[PDB]
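Enquirer: Below is one structure. I have some questions about it.
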Amino acid sequence: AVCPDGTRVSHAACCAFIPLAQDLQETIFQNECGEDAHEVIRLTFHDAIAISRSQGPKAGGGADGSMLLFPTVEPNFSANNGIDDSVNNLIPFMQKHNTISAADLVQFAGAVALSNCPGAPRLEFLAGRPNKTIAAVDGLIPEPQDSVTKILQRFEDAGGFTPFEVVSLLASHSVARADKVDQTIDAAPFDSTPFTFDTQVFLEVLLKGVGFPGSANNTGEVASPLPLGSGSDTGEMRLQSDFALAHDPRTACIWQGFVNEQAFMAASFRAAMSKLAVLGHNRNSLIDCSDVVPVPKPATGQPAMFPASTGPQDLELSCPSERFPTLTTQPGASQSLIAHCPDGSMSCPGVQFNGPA
Ligand code: HEM
Ligand SMILES: *[C@@H]1O[C@H](CO)[C@@H](O[C@@H]2O[C@H](CO)[C@@H](O)[C@H](O)[C@H]2NC(C)=O)[C@H](O)[C@H]1NC(C)=O
Ligand SMILES: *[C@H]1O[C@H](CO)[C@@H](O)[C@H](O)[C@@H]1O
Ligand SMILES: [Ca+2]
Ligand SMILES: [Ca+2]
Ligand SMILES: [Mn+2]
C-alpha cells in the first residue's frame, strides 16, 4: 500500500500508524528516552500483564487498552500508583487518532518510546486488537516487595512466561526511574544510564548496597550502591524485587548473563515483548505492521563499566557456573551524579496532559 503521505507500507491498515508516531514524537517524547517515554513503556507492561489463565477472562483481557478505556478503575489500584500520568498522556491521542484502538495505541506508543533509547531493539508490532474490553481486577500487577516465587508465578499465570523471559523483560529497568516508592524524592533511577538501553542495571544491582537515595524505610526498596544525589539529580534506587531476582538460584545466572552482553539482552527483550504485547489475543489474528515502527537509535558499542566509586571487590555474585566478565572501572574515588536530564542538565520538564485517571 501507498499511504496518503507517500509512504510505501506492508498493508494499508498500517498507514494510520505513521502520523500517530509523528504526533507522539512531536508532542510527548521529542525523540528522547526521557520521563514521558519511560512512563509509556511502563504502561505497555501494566496494560498487558493484567490477565490470568487460572481466573479466566473475567479477571482481565491483557494488552487490551483497559487502562485508557476505564481510566478511573485500574490506575487507582495501589500497585498502579503513578500510572495515571501515562494514561492521561495517551487518552488525547486515542480521541484524535480514532481509527486505531486503545490497545494498539498503547503497544505502538511503547515501541516508539523504546526506539528513542540507544541500544534498544525495533520491537515487532502486530495491529488489530479490538477497541472493546472490561476493566481488570486488582492483584495482577507485580510489586517490588513480592518474592521471586510470587513474581515468577504471576508471570506464568499471565502468559506462560519462563524465568528467562521474565528477566529479559526486566531489561526495561535499564531505562527506568521511581517517583512513588519514596515519598521524599522524584525520578530515582535504577541504573546510572536511565536514558540508554544498555546492560548497566544488570551490573549495578550486583554491587554491594551502601546507602539510600532518600529515606531508609520504604516498602519494596533495599540499599543502593550509588545513593548520592544533589538538587534534581536523584541518586540510584534499588528495588527488592530486582535484588531478589539477581540472587535467587532460579534466575541468578540469567541475570548475570546479560552483564556486558548488549545484543543478547536486546534480542531477548525483543522476543519476550513479542509475547507480552499480544497477551489476550491470538497472534495469528493480528496483522504485521512492524515496518512502521521507527528504526531505533544505535548504541555507541562501548562495553559495560564499573561506575566511579565502585569496583570488582564490591560484587555480590550468585552464579557458580558462569564466568563474570572482565570490565574496566571509570576513574575517580567519589560517585558521579546521575543526570536528571538526557542532555546532562537538571531542568527538562516533560509534557503532561490533565485527564480522568
Ligand atoms: C517483577 C516485575 C516488576 C516490578 C515489581 C517492577 C516495579 C517497578 C517500580 C516499583 C517502578 C517505579 C514506579 C514509581 O514509583 O514511579 C518501576 C518503574 C518502571 N518499570 Fe518496572 N517492574 C517490573 C517489571 C517491569 C517490566 C516487565 C517492564 C516493562 C517491559 C517495566 C518497565 C518499567 C519502566 C519503564 C519504569 C520506569 C517509569 C519511569 O521512569 O517513569 N517494569 N517498575
Ligand atoms: C475506541 O473507544 C474510545 C472510547 O470510547 C473512542 O473514543 C472516543 O472517540 C471520539 C472520536 O472518535 C471522541 O469524540 C470521544 O470523546 C472519545 N471517547 C472517550 C471516552 O474519550 C474511540 O474513538 C474508539 N476508537 C476506535 C478505533 O474505535
Ligand atoms: C563523575 O563525578 C565524580 C565525582 O562526583 C568523579 O569521581 C568521576 O570521575 C566523574 O567525573
Ligand atoms: Ca489491560
Ligand atoms: Ca541504562
Ligand atoms: Mn516516572
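Throughout, read-outs are computed from the coordinates displayed, never taken from laboratory work. Reconstructed Cβ throughout: ideal geometry from the backbone, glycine too, with neighbour counts over all protein chains shown.
Enquirer: Using the Cα centre as the reference, give the magnitude of the dipole from point charges on the C-beta atoms of the chain (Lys, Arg: +1; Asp, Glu: -1; all else neutral), rounded to the nearest 20 debye.
Expert: Dipole of the chain, to the nearest 20 debye: 800 debye.
Enquirer: Tally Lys/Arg at +1 and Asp/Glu at -1 over every other residue whose Cβ is under 13 Å from the Cβ of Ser232; what's the total?
Expert: Cβ neighbours under 13 Å give a net charge of -3.
Enquirer: Please compute the net charge surrounding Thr193, taking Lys and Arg as +1 and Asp and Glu as -1 over other residues with Cβ under 11 Å from its Cβ.
Expert: Net of charged neighbours comes to -4.
Enquirer: Using helices alone, what [θ] at 222 nm do you get for the chain, with -39,500 (n - 2.57) per DSSP H run of 4 or more residues, divided over all residues and rounded to the nearest 500?
Expert: -8500 deg cm²/dmol, from helical runs alone.
Enquirer: Summing +1 for each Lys or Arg and -1 for each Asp or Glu, what net charge is found among the other residues whose Cβ lies under 15 Å from the Cβ of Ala21?
Expert: In short, -4.
Enquirer: Using Cβ contacts closer than 10 Å as the measure, can you line up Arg122, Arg250 from fewest to most?
Expert: The order, fewest Cβ neighbours first, is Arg250, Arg122.
Enquirer: Another one. For labels at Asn81 and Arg122 in the simple 7 Å Cα→Cβ model, what's the distance in nm?
Expert: 4.0
Enquirer: Fewest Cβ neighbours within 10 Å first, please rank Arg323, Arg154, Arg283 accordingly.
Expert: Sorted ascending by nearby Cβ count, the order is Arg323, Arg283, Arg154.
Enquirer: On a 0 to 90 degree scale, rounded to 10, what angle separates helix 35-48 from the longest Cα axis of the chain?
Expert: The helix 35-48 is inclined about 70 degrees to the chain.
Enquirer: Okay, next question. Using a Förster distance of 25 angstrom, determine the FRET efficiency expected from the C-beta separation of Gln183 and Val210, and round it to 0.05.
Expert: 0.65
Enquirer: If I stretch the segment between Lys96 and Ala333 completely, what's the gain in nm (0.36 nm per residue apart, minus their alpha carbon distance), one decimal?
Expert: Fully extending the segment from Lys96 to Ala333 adds 80.1 nm.
Enquirer: Right, here's the next one. For Cα pairs less than 8 Å apart in space and 6+ apart in sequence, what is the mean separation divided by the residue count of region 175-243, i.e. the relative contact order in percent?
Expert: 31
Enquirer: May I pose another question? In whole Hz and in residue order, list the ³J(HN,Hα) couplings for region 102-111 that follow from phi through the Karplus curve 6.51 cos²θ - 1.76 cosθ + 1.60, θ = phi - 60°; x for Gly and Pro.
Expert: 3, 4, 5, 4, 4, 5, 5, 4, x, 5
Enquirer: Could you point to the residue in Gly235, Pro130, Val201 farthest towards the positive end of region 113-247's charge dipole, with +1 and -1 charges on the Cβ of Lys/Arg and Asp/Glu respectively?
Expert: Checked the options; the winner is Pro130.
Enquirer: Length gain on complete extension for the stretch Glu156 to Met305, per 0.36 nm per residue less the alpha carbon to alpha carbon distance?
Expert: 50.3 nm
Enquirer: Would you please put 12-20, 214-222 in order of how densely packed they are, using the mean number of other Cβ atoms within 10 angstrom per residue and starting with the highest?
Expert: Descending mean neighbour count gives 12-20, 214-222.
Enquirer: Let me ask something else about it. Between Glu221 and residues 5 or more places away or on another chain, which pairs have amide H atoms under 5 Å apart, with H built 1.01 Å from N, and which residues are they?
Expert: Close amide H contacts, sequence-distant or interchain: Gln240.
Enquirer: Further, regarding this structure: Rounded, prolate or oblate, given the Cα gyration tensor of region 195-239, with a/c below 1.5 counting as rounded?
Expert: oblate
Enquirer: Shifting gears a bit: Test of understanding: what is the full-extension gain from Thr72 to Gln55, defined as 0.36 nm times their sequence separation minus their Cα-Cα distance?
Expert: Extra length from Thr72 to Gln55 when fully extended: 3.9 nm.
Enquirer: Over 32 Å between C-alpha atoms is what I'm after, so list which of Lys58/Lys208; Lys150/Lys297; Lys96/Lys297; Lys58/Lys297; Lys208/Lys275; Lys150/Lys208 land there.
Expert: Exceeds cut-off: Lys58/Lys208; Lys150/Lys297; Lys58/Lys297; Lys208/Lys275.
Enquirer: Let me ask you something else. For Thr326, project a label point 7 Å along Cα to C-beta. Then give me every residue of region 292-306 with its amide nitrogen under 16 Å of that point.
Expert: Flagged as within label range: 303-306.
Enquirer: Please report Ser309, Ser321 as a ranked list, fewest other C-beta atoms within 10 angstrom at the top and most at the bottom.
Expert: By the 10 Å Cβ count, ascending: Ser321, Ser309.
Enquirer: Could you tell me the relative contact order of the chain? Use alpha-carbon pairs under 8 Å, at least six residues apart, and round to a whole percent.
Expert: Value for the chain: 23 percent.
Enquirer: Where in region 227-266 does the label zone of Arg283 land, with the point 7 angstrom along Cα→C-beta and an amide N cut-off under 19 Å?
Expert: 264-266
Enquirer: What nm value, rounded to one decimal, do you get for the distance between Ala267 and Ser232 when each label is placed 7 Å out toward the C-beta?
Expert: The modelled label-to-label distance comes out at 3.9 nm.
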